[PDB]
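Both counts, for ligands and for their atoms, begin at 1 and track the order of listing. Numbers here simply count residues along the sequence, with the first being 1.
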Amino acid sequence: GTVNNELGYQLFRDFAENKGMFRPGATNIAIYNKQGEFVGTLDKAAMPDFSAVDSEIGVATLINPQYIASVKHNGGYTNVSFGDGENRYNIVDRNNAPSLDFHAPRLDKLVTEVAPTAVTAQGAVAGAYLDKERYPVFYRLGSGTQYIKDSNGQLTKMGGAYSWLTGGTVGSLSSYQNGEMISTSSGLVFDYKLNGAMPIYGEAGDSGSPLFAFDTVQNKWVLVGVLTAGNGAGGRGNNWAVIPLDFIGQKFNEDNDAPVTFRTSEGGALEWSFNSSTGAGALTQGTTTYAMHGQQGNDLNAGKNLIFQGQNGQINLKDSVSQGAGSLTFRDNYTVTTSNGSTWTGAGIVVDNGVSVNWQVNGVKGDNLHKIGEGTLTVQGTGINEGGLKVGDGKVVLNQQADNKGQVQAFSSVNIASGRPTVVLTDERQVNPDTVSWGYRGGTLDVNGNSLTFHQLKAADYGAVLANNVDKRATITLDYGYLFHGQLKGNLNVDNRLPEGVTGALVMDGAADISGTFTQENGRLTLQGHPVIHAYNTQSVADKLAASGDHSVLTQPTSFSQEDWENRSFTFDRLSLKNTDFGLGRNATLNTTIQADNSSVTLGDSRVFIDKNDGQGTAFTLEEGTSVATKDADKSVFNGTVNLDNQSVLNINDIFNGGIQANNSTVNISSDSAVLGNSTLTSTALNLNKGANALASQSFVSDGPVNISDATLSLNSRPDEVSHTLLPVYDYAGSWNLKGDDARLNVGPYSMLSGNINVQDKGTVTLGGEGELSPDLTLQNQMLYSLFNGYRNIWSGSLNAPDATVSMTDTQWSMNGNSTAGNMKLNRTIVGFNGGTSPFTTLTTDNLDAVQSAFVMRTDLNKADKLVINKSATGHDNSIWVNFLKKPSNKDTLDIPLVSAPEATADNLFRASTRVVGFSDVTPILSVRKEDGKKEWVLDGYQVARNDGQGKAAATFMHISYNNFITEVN
Ligand SMILES: [Ca+2]
C-alpha cells in the first residue's frame, strides 16, 4: 500500500489489525497529522470487524464458513489463516471465475475462529457504489508493497509485499464494464475530502485485498469487492472486481447433494453406506435413497455436502464415511448412531440455531471435527475417540460413554475459538483438561459441576472463559511463572497451592467473577489490568521510519509505559493467601475478603507484567516491569475486608475501601485515598508514610502504635468536609505517634479518643470540627453518644508534643500524666489533670491561645496540678476549677501557684471557677502576683460555695457535663 507521509505510519498498521483506537465498534475516531492538525474523523459508522480477512497477508476474505473471496490472478497461495494465525485452512478448488478476475475458493474445513463477512446486497449494479447516501464510506486493508509518498509525489519503499498489513480509507467508486468492475482515484493520498481520513492506495501484492463499505440500508458493513489492479507505484487509482453474486451462488450450490429429508413413516433409520474406494455412498431409509459423495484418493473436492432435515431424524452408519470437504448441516434434530465403530470425518458440522444433534460417532486419529452453527452438538460416542475438536459456534455437550474396557474419551483435544461457543462437560472423563485450548477470542468451557485439575491454561486472550454454570460448586485445581489472559466465571473455587520454596508468579491480566474461594499457597499472585494490544513491526522497519522522522512504529504488542490500559475486575467470595506475595497492579479492581497468613498484600503494586507474544496466540512470554498509575482512572481499586494474621503485611497504595482485622502483622499505608472501615489491630503497627492520607470512617481499635510520618489521618470526618450523617465512634491506639513537619491527626466530632499522643517535629493535632449526627441512631449509637456527656470530643491520654501545634474545640481532655505542647489552641474545652498526686501533673506549653475554656486542677492544700505557659497566652474567659482533695480550713493558709505565664499577660485571662468540683463545698480564690520572671495565678484562699441552682457538685472533673462547664464560663 502507499500512504501519505503526513500521518503517522502506526495509524495504518493499527487500522489494518483492528488494534488500539481501531478496535471493532470504536466510534468517532478522530485523526491527526504529524504536526498535530485535525484531518478528519471516522464517524460515519462504528469501526468494522476485519477478522473475516485472512490474518497473514489479507489477500482473501471469508464469505462463507467454507469459502474465501480473492482474485484469480492470485494463483499461488494454497492456504489461509484467521484471527491470530494459529490455524490453517487449505484450498481444495480454487473455484476461478472464467471471465472475471475473481475466485471463491472452497476450503478443506469449516472455519471456526471467525464469522464470514456479509457481501454487497447489490453486487454488480452499475453506479451503485457512488451513492454516498447508501454507502458513505469505504475501508480497505492489504499487505501489498508498502510505500510512503511525499508532497512532491516522491516514493520511499518501506517493505515488500506480504510483510505486514496496512489499511485506510478509499473514496467513492465509479463503475465500468457494465457494473462488474469499480474504480476510484485512491492514489490521491493527500486529498482527505475525496478519499477519507486515512487515504491508501493499493500496490503490487494488494491484489485480491478486500474493499468494505458501510451500507446504511442494512446498517452494516459489507464486502463489495476485491482489488485487481492500479496505475503502478504511486499511481492515480485502483480497480476492484465487485463480488459476483450469481457466481458465488453457483460455487456454493454446486457442492451440495440433494437435500436429505427423514420421514418416520418410511420406517426405521437412514442407513449410511459408503464405499471407500469409489468415494460414493447412499442414505437409505428402506424404500427411498439419497446420494452422497465423499473423498476419492487424495481428492477432498470430490465430497459433497449434506443438508439433513425432517422432524427427529435418525441416521445409522454402516461404513466409516470419509466425507472429504463435504460438510453436514442439520436443520432439524437428529441422532446419529453406530455399532460397527463406523467413524466420520469431513469438512465439519453445522447445527442450525435451535437445533440439537446427538452425535454418537467417533472421529479418527490426526483429524479434527469442526463444529459451528448456533445449535447444540451432543457428543455421545462410546470408547476412546482419537479425533480432535475445533468448535466455533453454539454449544457442544461432551457426553462420551465408556466401552467394555471402561475407557472413555470424547476427543484428544478441544479448541475453543471466536468468542461464540461453549463446551459443556457432563462429567470428568470426557477429556484430558490439559488438551483443551482457547483460540482467537475464545469461548467458554463450562465444567458443569465437575471439579478438575489443569497443569496449563492454553488460552490466547481475554475471550477465554473457564466457568461453572450449575449450582453444584466445583473446584479448579491449578498446578503448573505463568500467565492467564482469560476469565474465571461463576460457581467455582480455584486452588493454586504451590509446593514450598517456589518463586514463580501466577499472573492474571484477564478477569474473575466467582462465587467461591481463590486459594494461593506459596509463590506470587498478581492480579492486574491489561495494556491495549497495538500492531508492531521489526526493529529495522521501526528504524527506517525513525530515519524518515516518524517515531510512531512499535516493536512489541504491549509495553509498561503506554497510556492505554484495559480495566479488569476480580471478584471472589474470598481470597485466601498463605505464605504468598500478592499484588494488585494498575487498572484492576478487586472485590473480596482477603484472608492472609504470613503473606504480603500490596494493593497498588507497581510491579506488573507484559506478554511479549500478546495477541499472537496461546504461547506467551512474560516480562516483569514497573508501571505506576498516576491518573485516577488507571489506579487500582480495592473493596472489602483484609483479615491479616501471623506475620502478614498489607501495603495500601491504591483506592482502598475496607475494614482491617489484624493480628501480629503490619499495615503500611502510602495511598492518599484510603478509607478504613471498622478495624481491629492486635500486635500490629499501623504506618502511614509520606504523602499518605487516610480516613478511619468507623471505629478503630488498636493495642499498638499508629505512626504518622508526614502523612494525614482523619478520624470520623475529614477537615475539608462537613458531614450530617456522623455516627459516634471509638478510636483507640496504644499510641498515636506523629513525625515530620507535615504530619496531621484530624479527629472529627463524635470521636471518643484514647491513647497517648506523641509528636516529633512541628506536626499538627486537631481535636474537633464541624459535623452533625444522623437522625437515625441505633441503641448502641445512643448509649455511646451519652458517654460524651454533651462534649463533641473526649480524649483520655497524655500529650508529648513539644514543637507541635495542638488544637481542641468542645473537647473534654482527661490528661493522664505530664504533657508538653509547642502551640496550644483551646476553644470551649475542659482540661482535667489526672496523673499522679504522688507528685501532681504539669501541662507546659510555649504558646497558649485559650477561649471559653477551663482547667480543673486538684489540690491537697500543700501542692497542686499546674499550667505553665512559657512565651505567650492569649484569648479570653477561661476558668480555673479546683478540686480540693482535702476540705481547707481558715485555721491554716493557702499559697499554691496554679498558672504561670509571661508577665505581660492580662490578669483576668484566668478567673476562679464559680462552681465546685469535689467533696469540699468551697470555691477557689485566685490572686495575681509577679514572681521569678512570670505572672502567676495563686490559689491563696477559698470561699464558701454559692448555691446557684445547679443541683449537686460534680464529684470529679469527669462528672463536669459540658453544659455545666459552658454555663460556668458565661
Ligand atoms: Ca467448485
Ignoring hydrogens and geometry, is there a side-chain-to-backbone donor-acceptor pair from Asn316 to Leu270 under 3.5 Å?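 Pair absent, no side-chain N/O of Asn316 close to backbone of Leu270.
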So, the side chain of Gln400 versus the backbone of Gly381: is there a donor-acceptor pair under 3.5 Å, distance only?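 A pair under 3.5 Å: yes.
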Among the N, O or S atoms that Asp93 has, which is closest to the Ca ion (ligand 1)?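 Closest to the Ca ion (ligand 1) among those atoms: OD2.
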Please name the atom of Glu254, limited to N, O or S, that comes nearest to the Ca ion (ligand 1).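 Going through the N, O and S atoms of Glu254 one by one, OE2 ends up nearest to the Ca ion (ligand 1).
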Taking both backbone and side chain into account, is any N, O or S atom of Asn95 nearer than 3.0 Å to the Ca ion (ligand 1)?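 True for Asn95.
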side-chain hydrogen bond (donor to acceptor under 3.5 Å, both in side chains) evaluation trace for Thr618 with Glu86: CA-CA 9 Å; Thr618 62; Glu86 282 226 283; 3.2 Å; yes
Quiz item: cation-pi between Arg106 and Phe252, 6.0 Å / 45°: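 Output no; distance or angle outside limits.
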